[PDB]
>>> print(open('protein.txt').read())   # compact mmCIF, C-alpha atoms and all ligand atoms
# COMPACT_ATOMS: atom_id res chain seq x y z
CA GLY A 13 8.54 -16.69 -13.01
CA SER A 14 10.93 -14.32 -14.92
CA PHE A 15 9.85 -10.68 -15.75
CA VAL A 16 13.17 -8.67 -16.08
CA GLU A 17 11.44 -5.89 -18.09
CA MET A 18 9.24 -4.90 -15.06
CA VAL A 19 11.96 -5.34 -12.36
CA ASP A 20 12.97 -2.02 -10.69
CA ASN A 21 10.15 -0.13 -12.60
CA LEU A 22 9.06 1.87 -9.44
CA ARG A 23 10.65 5.07 -8.08
CA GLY A 24 9.92 7.65 -5.38
CA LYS A 25 10.99 9.75 -2.38
CA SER A 26 10.58 8.59 1.25
CA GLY A 27 7.03 9.42 2.38
CA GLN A 28 6.01 10.69 -1.14
CA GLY A 29 4.75 7.23 -2.42
CA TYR A 30 5.78 4.81 -5.22
CA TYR A 31 5.25 5.67 -8.87
CA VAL A 32 5.40 3.85 -12.24
CA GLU A 33 5.96 5.43 -15.66
CA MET A 34 2.82 5.30 -17.85
CA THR A 35 1.69 6.62 -21.22
CA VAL A 36 -1.69 8.08 -22.07
CA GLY A 37 -3.14 9.01 -25.48
CA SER A 38 -1.99 8.97 -29.12
CA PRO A 39 0.79 9.89 -29.67
CA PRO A 40 1.95 8.63 -26.16
CA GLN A 41 2.26 11.20 -23.30
CA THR A 42 4.60 10.03 -20.52
CA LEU A 43 3.44 10.56 -16.94
CA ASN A 44 4.67 9.34 -13.51
CA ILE A 45 1.79 7.68 -11.69
CA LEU A 46 1.51 6.82 -7.98
CA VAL A 47 0.73 3.08 -7.47
CA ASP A 48 -2.16 2.90 -4.94
CA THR A 49 -3.77 -0.44 -3.78
CA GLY A 50 -6.07 1.61 -1.48
CA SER A 51 -8.19 3.35 -4.19
CA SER A 52 -9.76 2.38 -7.61
CA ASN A 53 -9.56 5.49 -9.87
CA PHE A 54 -7.04 6.27 -12.59
CA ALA A 55 -6.77 10.07 -12.04
CA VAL A 56 -4.10 12.26 -13.75
CA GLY A 57 -3.34 16.00 -13.56
CA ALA A 58 -4.73 17.70 -16.72
CA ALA A 59 -3.99 21.39 -16.01
CA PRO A 60 -0.78 23.45 -15.43
CA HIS A 61 -0.81 23.17 -11.59
CA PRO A 62 2.54 24.75 -10.40
CA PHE A 63 3.74 21.66 -8.41
CA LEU A 64 3.47 19.41 -11.56
CA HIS A 65 6.33 18.38 -13.86
CA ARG A 66 3.83 17.46 -16.57
CA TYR A 67 0.13 16.88 -17.16
CA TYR A 68 -2.28 15.13 -19.49
CA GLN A 69 -3.00 17.38 -22.52
CA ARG A 70 -6.21 15.89 -24.00
CA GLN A 71 -6.09 18.27 -27.05
CA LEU A 72 -2.95 16.41 -28.21
CA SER A 73 -4.72 13.02 -28.31
CA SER A 74 -6.60 11.53 -31.25
CA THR A 75 -7.70 8.50 -29.25
CA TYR A 76 -9.29 10.59 -26.38
CA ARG A 77 -13.09 10.18 -25.80
CA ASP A 78 -15.21 12.42 -23.50
CA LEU A 79 -17.65 10.69 -21.13
CA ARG A 80 -19.38 14.12 -20.61
CA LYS A 81 -19.44 13.58 -16.80
CA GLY A 82 -17.55 14.99 -13.81
CA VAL A 83 -16.33 13.55 -10.49
CA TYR A 84 -15.66 15.27 -7.11
CA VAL A 85 -13.36 13.18 -4.86
CA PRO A 86 -13.01 14.43 -1.23
CA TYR A 87 -10.61 12.81 1.32
CA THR A 88 -9.88 13.56 5.01
CA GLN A 89 -6.67 15.30 3.91
CA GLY A 90 -6.86 16.07 0.17
CA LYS A 91 -9.54 16.65 -2.48
CA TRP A 92 -9.63 16.49 -6.30
CA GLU A 93 -12.22 17.00 -9.00
CA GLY A 94 -12.05 16.04 -12.66
CA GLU A 95 -13.60 15.20 -16.02
CA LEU A 96 -14.23 11.58 -16.93
CA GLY A 97 -13.13 10.14 -20.26
CA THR A 98 -11.34 7.19 -21.89
CA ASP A 99 -8.12 6.97 -23.94
CA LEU A 100 -5.27 4.53 -24.77
CA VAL A 101 -2.92 3.58 -21.89
CA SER A 102 0.37 1.69 -21.75
CA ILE A 103 3.05 0.88 -19.11
CA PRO A 104 6.49 1.19 -20.81
CA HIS A 105 8.24 -1.07 -18.22
CA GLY A 106 5.19 -3.39 -18.02
CA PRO A 107 3.46 -5.84 -20.42
CA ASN A 108 3.54 -5.08 -24.17
CA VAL A 109 -0.16 -4.08 -24.37
CA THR A 110 -2.36 -0.98 -24.95
CA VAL A 111 -5.76 -0.65 -23.28
CA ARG A 112 -8.73 1.71 -23.45
CA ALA A 113 -9.09 2.76 -19.78
CA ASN A 114 -11.12 5.37 -17.92
CA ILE A 115 -9.14 8.50 -17.04
CA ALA A 116 -10.22 11.22 -14.61
CA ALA A 117 -8.60 14.43 -15.91
CA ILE A 118 -7.93 16.47 -12.73
CA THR A 119 -9.03 20.09 -13.30
CA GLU A 120 -9.13 21.21 -9.60
CA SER A 121 -7.36 19.88 -6.48
CA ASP A 122 -6.52 20.70 -2.85
CA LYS A 123 -3.70 19.06 -0.78
CA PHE A 124 -3.56 16.24 -3.32
CA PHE A 125 -0.35 16.94 -5.27
CA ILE A 126 2.94 17.17 -3.30
CA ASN A 127 5.22 20.21 -3.80
CA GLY A 128 8.57 18.68 -4.78
CA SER A 129 7.18 15.26 -5.90
CA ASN A 130 7.88 13.69 -9.29
CA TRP A 131 4.37 12.12 -9.84
CA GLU A 132 1.32 13.72 -11.64
CA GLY A 133 -1.38 11.08 -11.09
CA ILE A 134 -2.70 8.05 -9.21
CA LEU A 135 -3.36 4.48 -10.33
CA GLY A 136 -6.06 3.05 -8.13
CA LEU A 137 -5.48 -0.75 -8.19
CA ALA A 138 -8.38 -1.72 -5.86
CA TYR A 139 -11.90 -2.88 -6.98
CA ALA A 140 -14.92 -1.20 -8.67
CA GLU A 141 -16.95 -1.19 -5.41
CA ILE A 142 -14.93 1.82 -4.11
CA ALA A 143 -14.55 3.59 -7.53
CA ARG A 144 -15.79 7.21 -7.90
CA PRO A 145 -18.50 8.22 -8.78
CA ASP A 146 -19.85 4.63 -8.55
CA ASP A 147 -19.03 0.93 -9.23
CA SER A 148 -19.79 1.30 -13.03
CA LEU A 149 -16.51 3.24 -13.64
CA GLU A 150 -14.34 0.24 -14.52
CA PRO A 151 -10.86 0.43 -12.81
CA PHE A 152 -7.68 0.22 -14.95
CA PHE A 153 -6.58 -3.32 -13.92
CA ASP A 154 -10.15 -4.67 -14.72
CA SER A 155 -9.88 -3.08 -18.25
CA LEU A 156 -6.31 -4.46 -18.64
CA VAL A 157 -7.44 -8.02 -17.80
CA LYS A 158 -10.69 -7.82 -19.90
CA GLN A 159 -8.97 -6.54 -23.13
CA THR A 160 -5.66 -8.52 -22.99
CA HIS A 161 -4.22 -11.97 -22.14
CA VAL A 162 -2.52 -10.52 -18.99
CA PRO A 163 -3.40 -12.84 -16.02
CA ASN A 164 -5.64 -11.33 -13.24
CA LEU A 165 -2.68 -10.86 -10.83
CA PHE A 166 -0.02 -8.26 -9.95
CA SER A 167 2.76 -8.19 -7.31
CA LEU A 168 4.60 -5.38 -5.46
CA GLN A 169 8.16 -5.29 -4.11
CA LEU A 170 8.45 -1.89 -2.32
CA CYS A 171 12.08 -1.52 -1.21
CA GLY A 172 12.29 1.83 0.54
CA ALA A 173 15.63 3.54 1.29
CA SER A 185 15.09 8.17 -2.85
CA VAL A 186 13.09 4.86 -2.97
CA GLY A 187 12.75 2.00 -5.46
CA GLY A 188 10.81 -1.18 -6.20
CA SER A 189 9.02 -3.41 -8.73
CA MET A 190 5.43 -3.87 -9.97
CA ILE A 191 5.19 -7.24 -11.78
CA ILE A 192 1.96 -7.01 -13.81
CA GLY A 193 0.44 -10.41 -14.69
CA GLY A 194 2.87 -12.54 -12.73
CA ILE A 195 5.36 -13.29 -9.98
CA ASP A 196 9.17 -12.92 -10.09
CA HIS A 197 10.79 -15.49 -7.77
CA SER A 198 14.01 -13.42 -7.59
CA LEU A 199 12.09 -10.77 -5.52
CA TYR A 200 11.55 -13.01 -2.49
CA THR A 201 13.17 -15.63 -0.24
CA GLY A 202 11.39 -18.67 1.26
CA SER A 203 7.77 -19.45 0.61
CA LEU A 204 4.70 -17.32 -0.31
CA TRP A 205 1.87 -17.61 2.32
CA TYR A 206 -1.68 -16.60 1.26
CA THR A 207 -4.46 -14.78 3.11
CA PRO A 208 -8.05 -14.62 1.65
CA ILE A 209 -9.40 -11.27 0.27
CA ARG A 210 -12.52 -11.05 2.55
CA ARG A 211 -14.38 -8.79 0.08
CA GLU A 212 -13.45 -7.35 -3.33
CA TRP A 213 -13.63 -3.50 -2.68
CA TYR A 214 -10.33 -2.57 -0.89
CA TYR A 215 -7.81 -5.43 -0.58
CA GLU A 216 -9.48 -6.43 2.75
CA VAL A 217 -7.88 -9.13 4.95
CA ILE A 218 -8.38 -10.55 8.52
CA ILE A 219 -5.76 -10.17 11.34
CA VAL A 220 -6.29 -13.01 13.85
CA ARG A 221 -3.50 -12.31 16.41
CA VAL A 222 -0.92 -9.58 17.22
CA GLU A 223 2.40 -10.21 19.06
CA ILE A 224 4.87 -7.52 20.22
CA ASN A 225 8.24 -9.42 20.57
CA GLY A 226 6.66 -12.92 20.80
CA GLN A 227 4.05 -11.72 23.35
CA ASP A 228 0.32 -11.66 22.48
CA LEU A 229 -1.72 -8.40 23.00
CA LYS A 230 -4.56 -10.73 24.22
CA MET A 231 -7.28 -8.52 22.67
CA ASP A 232 -10.51 -9.80 21.07
CA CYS A 233 -9.31 -10.37 17.49
CA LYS A 234 -12.50 -8.50 16.22
CA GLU A 235 -10.71 -5.31 17.48
CA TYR A 236 -7.80 -5.89 15.02
CA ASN A 237 -10.26 -5.49 12.15
CA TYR A 238 -12.62 -2.73 13.44
CA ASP A 239 -14.16 -1.85 10.99
CA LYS A 240 -11.70 -3.44 8.43
CA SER A 241 -8.07 -4.37 7.70
CA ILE A 242 -6.58 -3.45 4.32
CA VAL A 243 -3.34 -3.75 2.31
CA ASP A 244 -2.50 -0.20 1.07
CA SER A 245 0.55 0.89 -1.01
CA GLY A 246 -0.72 4.54 -0.89
CA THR A 247 -0.38 4.92 2.95
CA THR A 248 3.07 5.21 4.49
CA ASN A 249 2.17 3.94 8.04
CA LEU A 250 0.93 0.87 9.81
CA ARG A 251 -2.40 2.35 10.87
CA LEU A 252 -4.09 0.60 13.84
CA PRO A 253 -7.64 0.96 15.34
CA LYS A 254 -7.36 3.27 18.45
CA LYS A 255 -7.89 0.39 20.99
CA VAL A 256 -5.22 -1.79 19.23
CA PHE A 257 -2.90 1.27 18.92
CA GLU A 258 -3.15 2.05 22.72
CA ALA A 259 -2.43 -1.65 23.51
CA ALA A 260 0.48 -1.92 21.02
CA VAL A 261 2.11 1.41 22.10
CA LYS A 262 1.81 0.42 25.83
CA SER A 263 3.56 -2.87 24.83
CA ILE A 264 6.26 -1.26 22.56
CA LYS A 265 6.87 1.54 25.23
CA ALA A 266 7.40 -1.24 27.87
CA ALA A 267 9.68 -3.36 25.60
CA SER A 268 11.67 -0.11 24.88
CA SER A 269 11.89 1.43 28.40
CA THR A 270 15.80 1.07 28.30
CA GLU A 271 15.86 4.59 26.72
CA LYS A 272 13.12 7.19 27.41
CA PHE A 273 11.14 9.18 24.78
CA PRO A 274 8.53 12.04 24.87
CA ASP A 275 4.90 10.85 24.89
CA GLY A 276 4.22 13.21 21.89
CA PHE A 277 6.53 11.05 19.71
CA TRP A 278 4.38 7.83 20.00
CA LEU A 279 1.49 10.13 18.90
CA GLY A 280 3.46 11.25 15.78
CA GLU A 281 3.58 14.92 17.01
CA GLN A 282 7.39 15.01 17.61
CA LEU A 283 10.46 13.41 16.02
CA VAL A 284 13.23 11.64 17.94
CA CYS A 285 16.97 11.93 17.06
CA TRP A 286 20.28 10.04 17.76
CA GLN A 287 23.85 9.56 16.27
CA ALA A 288 24.62 8.23 12.73
CA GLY A 289 25.81 4.60 12.71
CA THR A 290 24.47 4.17 16.29
CA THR A 291 20.59 4.10 16.38
CA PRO A 292 19.18 1.77 19.10
CA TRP A 293 17.48 -0.90 16.89
CA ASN A 294 17.76 -3.81 19.43
CA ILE A 295 15.99 -1.69 22.16
CA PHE A 296 12.86 -1.88 19.91
CA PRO A 297 10.72 -5.03 19.50
CA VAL A 298 9.66 -6.96 16.38
CA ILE A 299 5.89 -6.78 15.51
CA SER A 300 4.00 -9.86 14.33
CA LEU A 301 0.65 -9.90 12.59
CA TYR A 302 -1.08 -13.30 12.23
CA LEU A 303 -3.20 -13.45 9.12
CA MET A 304 -6.06 -15.85 8.30
CA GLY A 305 -4.74 -18.73 6.16
CA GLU A 306 -6.23 -20.64 3.22
CA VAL A 307 -7.40 -23.56 5.42
CA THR A 308 -9.81 -23.80 8.39
CA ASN A 309 -8.08 -23.14 11.74
CA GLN A 310 -4.77 -22.40 9.93
CA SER A 311 -2.95 -19.07 10.03
CA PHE A 312 0.53 -17.72 9.27
CA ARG A 313 2.48 -14.78 10.63
CA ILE A 314 4.38 -11.85 9.16
CA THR A 315 7.10 -10.16 11.30
CA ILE A 316 8.38 -6.55 10.87
CA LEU A 317 11.53 -4.91 12.35
CA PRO A 318 11.90 -1.39 13.92
CA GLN A 319 13.71 -0.67 10.57
CA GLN A 320 10.20 -0.63 8.98
CA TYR A 321 8.18 1.30 11.62
CA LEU A 322 10.95 3.84 12.65
CA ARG A 323 10.87 6.06 9.56
CA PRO A 324 13.97 8.29 8.89
CA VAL A 325 12.82 11.90 8.17
CA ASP A 333 23.38 12.29 12.82
CA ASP A 334 19.75 10.97 12.15
CA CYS A 335 16.04 11.90 13.01
CA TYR A 336 13.24 9.23 12.91
CA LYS A 337 9.40 9.14 13.06
CA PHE A 338 7.10 6.61 14.78
CA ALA A 339 5.40 5.24 11.65
CA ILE A 340 2.63 3.39 13.62
CA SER A 341 -0.47 5.49 14.17
CA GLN A 342 -4.14 5.44 15.18
CA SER A 343 -7.01 5.22 12.63
CA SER A 344 -10.83 5.23 12.66
CA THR A 345 -11.01 3.55 9.23
CA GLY A 346 -9.44 0.24 10.49
CA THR A 347 -6.03 -1.41 10.12
CA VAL A 348 -3.97 -0.11 7.16
CA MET A 349 -1.05 -2.27 6.16
CA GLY A 350 0.90 0.54 4.54
CA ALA A 351 4.46 0.85 3.24
CA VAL A 352 5.70 0.10 6.84
CA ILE A 353 4.38 -3.53 6.43
CA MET A 354 4.85 -3.84 2.61
CA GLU A 355 8.55 -2.82 2.66
CA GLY A 356 9.47 -5.98 4.61
CA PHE A 357 7.68 -8.27 2.07
CA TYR A 358 7.06 -9.29 -1.55
CA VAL A 359 3.20 -8.92 -1.81
CA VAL A 360 1.08 -10.83 -4.41
CA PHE A 361 -2.41 -9.44 -5.16
CA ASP A 362 -3.80 -12.66 -6.57
CA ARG A 363 -7.14 -11.31 -7.81
CA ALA A 364 -7.85 -14.50 -9.85
CA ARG A 365 -7.89 -16.64 -6.66
CA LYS A 366 -9.25 -13.85 -4.35
CA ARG A 367 -6.12 -13.99 -2.10
CA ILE A 368 -2.99 -12.01 -1.09
CA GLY A 369 0.46 -13.59 -0.87
CA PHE A 370 3.25 -12.58 1.49
CA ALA A 371 6.95 -13.69 1.31
CA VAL A 372 10.16 -12.22 2.80
CA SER A 373 11.39 -9.53 0.35
CA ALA A 374 14.85 -9.98 -1.18
CA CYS A 375 15.41 -6.15 -0.71
CA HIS A 376 14.06 -5.47 2.85
CA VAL A 377 16.11 -3.32 5.33
CA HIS A 378 17.42 -5.38 8.28
CA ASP A 379 20.55 -5.97 10.44
CA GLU A 380 22.92 -8.83 11.46
CA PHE A 381 20.58 -9.78 14.36
CA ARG A 382 16.91 -9.85 13.15
CA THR A 383 15.14 -10.04 9.68
CA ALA A 384 11.49 -9.86 8.45
CA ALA A 385 9.79 -13.26 8.48
CA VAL A 386 6.80 -15.14 6.99
CA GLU A 387 6.12 -18.28 9.08
CA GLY A 388 3.44 -20.95 9.17
CA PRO A 389 1.27 -22.88 9.60
CA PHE A 390 -0.24 -22.05 12.99
CA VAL A 391 -3.44 -23.34 14.62
CA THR A 392 -5.93 -20.50 15.29
CA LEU A 393 -9.56 -21.32 16.09
CA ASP A 394 -12.62 -19.05 15.34
CA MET A 395 -10.73 -16.87 12.78
CA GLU A 396 -14.09 -15.97 11.09
CA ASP A 397 -15.18 -14.20 14.34
CA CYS A 398 -12.22 -11.77 13.85
CA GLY A 399 -14.04 -10.04 10.98
CA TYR A 400 -16.35 -7.06 11.64
CA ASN A 401 -19.93 -7.17 10.30
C1 LIG B 1 -6.24 8.13 -2.71
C2 LIG B 1 -5.31 8.15 -1.49
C3 LIG B 1 -4.01 8.97 -1.75
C4 LIG B 1 -2.72 8.42 -1.65
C5 LIG B 1 -1.57 9.18 -1.82
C6 LIG B 1 -1.66 10.55 -2.12
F1 LIG B 1 -0.54 11.31 -2.20
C7 LIG B 1 -2.92 11.16 -2.27
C8 LIG B 1 -4.07 10.37 -2.07
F2 LIG B 1 -5.23 11.02 -2.14
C9 LIG B 1 -6.04 8.75 -0.27
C10 LIG B 1 -5.24 8.67 1.01
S1 LIG B 1 -4.86 6.98 1.52
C11 LIG B 1 -4.83 6.22 -0.11
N1 LIG B 1 -4.57 4.90 -0.04
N2 LIG B 1 -5.00 6.74 -1.27
NA NA B 2 12.43 -17.27 -4.30
NA NA B 3 -9.68 8.51 11.83
>>> encode(input="protein.txt", output="structure tokens")
Amino acid sequence: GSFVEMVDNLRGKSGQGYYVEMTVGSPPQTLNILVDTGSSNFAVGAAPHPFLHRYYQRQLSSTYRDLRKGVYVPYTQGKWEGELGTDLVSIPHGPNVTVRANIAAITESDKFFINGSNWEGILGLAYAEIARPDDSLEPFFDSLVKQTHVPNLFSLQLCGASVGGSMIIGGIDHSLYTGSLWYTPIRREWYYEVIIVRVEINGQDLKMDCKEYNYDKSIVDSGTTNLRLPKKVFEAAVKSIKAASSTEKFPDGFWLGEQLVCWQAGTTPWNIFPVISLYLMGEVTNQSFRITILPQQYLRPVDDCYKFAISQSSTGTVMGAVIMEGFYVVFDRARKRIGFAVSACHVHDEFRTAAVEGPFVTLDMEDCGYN
């Protein structure tokens, strides 16, 4: 209900992610940690890498314990490798607890840290199934819930534009949203996987087989900036957005995120761009609800210059900061569901605003999931 201590506890820079202040070891070492719902490892820089403001100095900690095991984590972009261990962790602007969590001390990395960023680690908030090296390395939130009375739930209000937000650990803060929370089931506990059952570009359906919206999955990810769509869905959506926005012309490289587009300050054509609606599977048979985003969310500022923050993916749909910045999101792990409500801080205009509406009647929603 009321968690004032944790309100406004997230910071960042546009495109550089959202981070929370954390402490590791005894005596406490303060580090800024990127909040990521799309991964399950608690990894922190442990060496004097030049881009880092600070790093975890194990030698200074009495409570540190070596697991005598390493981990090599490759990505499409980045890569990091580290040494596994456990130590005492706390979240200053979080609950008043201390937990013994697994920590991957990063000893080598490539394209992982950002030059100019104010974070030194990553807090993977997803499930054990996608943990590295394997599902036996218990994620932080699982340790937090197992060792304390903190309820198995956390919520994220990502505000956007120097960026801010809130991570309410163990509860919900009703001051962070307007209207009602609508819940979608977590299909499987690995990533925060959900099912998209319909897509509308300015009230008009894309009329695709809903199985295509979730090929091979759809996930809620605070660590990705964009709304990432499967190629087929992306082609369809772009063709539809391009058509809805043919009042002003743009280079074809722009829709492909290869070129920026620029206009005048105080006069950016918002109304020439359509709203995007995703219909998510509801809690009840044949019942869905829809979430609506504004061009304010998918036209990312980089006079003014913007980026088309909707892109193709071969890993499925990724409901990144583009989606999350319009809503207050509840990761209700206890009830295996994700809640969406209109954010009290989302960026809109006098005309249109983000919306969470329901219920709707959608038949065969289970057939939208990929097997
Ligand atoms: C772990 C990862 C990540 C995020 C931000 C960053 F800056 C570095 C990263 F490696 C992989 C890329 S998508 C994702 N959700 N999380
Ligand atoms: Na409210
Ligand atoms: Na891909």
>>> residues_around(input="protein.txt", residues="residue 128 of chain A", least_positions_apart="3", cutoff="12 Å", atoms="all atoms listed in the file", output="PyMOL selection string")
chain A and resi 24-28+62-65+125+131-132
>>> closest_atom_pairs(input="protein.txt", of="chain A", to="ligand NA 2 (chain B)", cutoff="8 Å", atoms="all atoms listed in the file", output="Markdown table")
| residue | atom | partner | partner_atom | distance |
| --- | --- | --- | --- | --- |
| A:196 | CA | B:NA2 | NA | 7.9 |
| A:197 | CA | B:NA2 | NA | 4.2 |
| A:198 | CA | B:NA2 | NA | 5.3 |
| A:199 | CA | B:NA2 | NA | 6.6 |
| A:200 | CA | B:NA2 | NA | 4.7 |
| A:201 | CA | B:NA2 | NA | 4.4 |
| A:202 | CA | B:NA2 | NA | 5.8 |
| A:203 | CA | B:NA2 | NA | 7.1 |
>>> residues_near_ligand(input="protein.txt", ligand="ligand LIG 1 (chain B)", cutoff="10 Å", atoms="all atoms listed in the file", output="PDB file with C-alpha atoms, in the coordinates of the input")
ATOM      1  CA  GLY A  27       7.030   9.420   2.380  1.00  0.00           C
ATOM      2  CA  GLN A  28       6.010  10.690  -1.140  1.00  0.00           C
ATOM      3  CA  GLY A  29       4.750   7.230  -2.420  1.00  0.00           C
ATOM      4  CA  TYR A  30       5.780   4.810  -5.220  1.00  0.00           C
ATOM      5  CA  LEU A  46       1.510   6.820  -7.980  1.00  0.00           C
ATOM      6  CA  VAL A  47       0.730   3.080  -7.470  1.00  0.00           C
ATOM      7  CA  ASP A  48      -2.160   2.900  -4.940  1.00  0.00           C
ATOM      8  CA  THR A  49      -3.770  -0.440  -3.780  1.00  0.00           C
ATOM      9  CA  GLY A  50      -6.070   1.610  -1.480  1.00  0.00           C
ATOM     10  CA  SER A  51      -8.190   3.350  -4.190  1.00  0.00           C
ATOM     11  CA  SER A  52      -9.760   2.380  -7.610  1.00  0.00           C
ATOM     12  CA  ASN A  53      -9.560   5.490  -9.870  1.00  0.00           C
ATOM     13  CA  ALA A  55      -6.770  10.070 -12.040  1.00  0.00           C
ATOM     14  CA  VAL A  85     -13.360  13.180  -4.860  1.00  0.00           C
ATOM     15  CA  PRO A  86     -13.010  14.430  -1.230  1.00  0.00           C
ATOM     16  CA  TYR A  87     -10.610  12.810   1.320  1.00  0.00           C
ATOM     17  CA  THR A  88      -9.880  13.560   5.010  1.00  0.00           C
ATOM     18  CA  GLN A  89      -6.670  15.300   3.910  1.00  0.00           C
ATOM     19  CA  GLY A  90      -6.860  16.070   0.170  1.00  0.00           C
ATOM     20  CA  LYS A  91      -9.540  16.650  -2.480  1.00  0.00           C
ATOM     21  CA  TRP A  92      -9.630  16.490  -6.300  1.00  0.00           C
ATOM     22  CA  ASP A 122      -6.520  20.700  -2.850  1.00  0.00           C
ATOM     23  CA  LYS A 123      -3.700  19.060  -0.780  1.00  0.00           C
ATOM     24  CA  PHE A 124      -3.560  16.240  -3.320  1.00  0.00           C
ATOM     25  CA  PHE A 125      -0.350  16.940  -5.270  1.00  0.00           C
ATOM     26  CA  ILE A 126       2.940  17.170  -3.300  1.00  0.00           C
ATOM     27  CA  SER A 129       7.180  15.260  -5.900  1.00  0.00           C
ATOM     28  CA  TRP A 131       4.370  12.120  -9.840  1.00  0.00           C
ATOM     29  CA  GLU A 132       1.320  13.720 -11.640  1.00  0.00           C
ATOM     30  CA  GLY A 133      -1.380  11.080 -11.090  1.00  0.00           C
ATOM     31  CA  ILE A 134      -2.700   8.050  -9.210  1.00  0.00           C
ATOM     32  CA  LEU A 135      -3.360   4.480 -10.330  1.00  0.00           C
ATOM     33  CA  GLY A 136      -6.060   3.050  -8.130  1.00  0.00           C
ATOM     34  CA  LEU A 137      -5.480  -0.750  -8.190  1.00  0.00           C
ATOM     35  CA  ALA A 138      -8.380  -1.720  -5.860  1.00  0.00           C
ATOM     36  CA  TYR A 214     -10.330  -2.570  -0.890  1.00  0.00           C
ATOM     37  CA  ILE A 242      -6.580  -3.450   4.320  1.00  0.00           C
ATOM     38  CA  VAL A 243      -3.340  -3.750   2.310  1.00  0.00           C
ATOM     39  CA  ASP A 244      -2.500  -0.200   1.070  1.00  0.00           C
ATOM     40  CA  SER A 245       0.550   0.890  -1.010  1.00  0.00           C
ATOM     41  CA  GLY A 246      -0.720   4.540  -0.890  1.00  0.00           C
ATOM     42  CA  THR A 247      -0.380   4.920   2.950  1.00  0.00           C
ATOM     43  CA  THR A 248       3.070   5.210   4.490  1.00  0.00           C
ATOM     44  CA  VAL A 348      -3.970  -0.110   7.160  1.00  0.00           C
ATOM     45  CA  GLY A 350       0.900   0.540   4.540  1.00  0.00           C
TER      46      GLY A 350
END
>>> residues_near_ligand(input="protein.txt", ligand="ligand NA 3 (chain B)", cutoff="7 Å", atoms="only C-alpha atoms and all ligand atoms", output="MDAnalysis selection string")
chainID A and resid 343:345
>>> atom_distance(input="protein.txt", atom1="atom CA of residue 230 of chain A", atom2="atom CA of residue 381 of chain A")
27.0 Å
>>> decode(input="protein.txt", residues="segment 287-298 of chain A", atoms="N, CA and C atoms", output="CSV table (one decimal), in the first residue's frame")
chain,number,residue,atom,x,y,z
A,287,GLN,N,11.8,20.3,-35.1
A,287,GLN,CA,11.9,21.6,-34.3
A,287,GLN,C,11.5,21.3,-32.8
A,288,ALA,N,12.2,22.0,-31.8
A,288,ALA,CA,11.8,21.9,-30.4
A,288,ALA,C,10.5,22.6,-30.1
A,289,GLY,N,9.6,21.9,-29.4
A,289,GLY,CA,8.2,22.3,-29.1
A,289,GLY,C,7.2,22.0,-30.1
A,290,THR,N,7.7,21.5,-31.3
A,290,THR,CA,6.9,21.1,-32.5
A,290,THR,C,7.4,19.8,-33.1
A,291,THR,N,7.1,18.7,-32.5
A,291,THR,CA,7.4,17.3,-33.0
A,291,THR,C,6.0,16.7,-33.3
A,292,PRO,N,5.8,16.2,-34.5
A,292,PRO,CA,4.5,15.6,-34.9
A,292,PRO,C,4.1,14.3,-34.2
A,293,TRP,N,3.5,14.5,-33.0
A,293,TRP,CA,3.1,13.4,-32.2
A,293,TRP,C,1.8,12.7,-32.8
A,294,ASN,N,0.8,13.6,-33.0
A,294,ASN,CA,-0.5,13.2,-33.6
A,294,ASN,C,-0.5,12.5,-35.0
A,295,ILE,N,0.6,12.7,-35.7
A,295,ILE,CA,0.8,12.0,-37.0
A,295,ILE,C,1.1,10.5,-36.8
A,296,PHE,N,1.5,10.2,-35.6
A,296,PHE,CA,1.9,8.8,-35.2
A,296,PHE,C,0.7,8.1,-34.5
A,297,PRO,N,0.5,6.8,-34.7
A,297,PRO,CA,-0.6,6.1,-34.1
A,297,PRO,C,-0.2,5.5,-32.7
A,298,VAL,N,-1.3,5.2,-31.9
A,298,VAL,CA,-1.1,4.5,-30.6
A,298,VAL,C,-0.9,3.0,-31.0
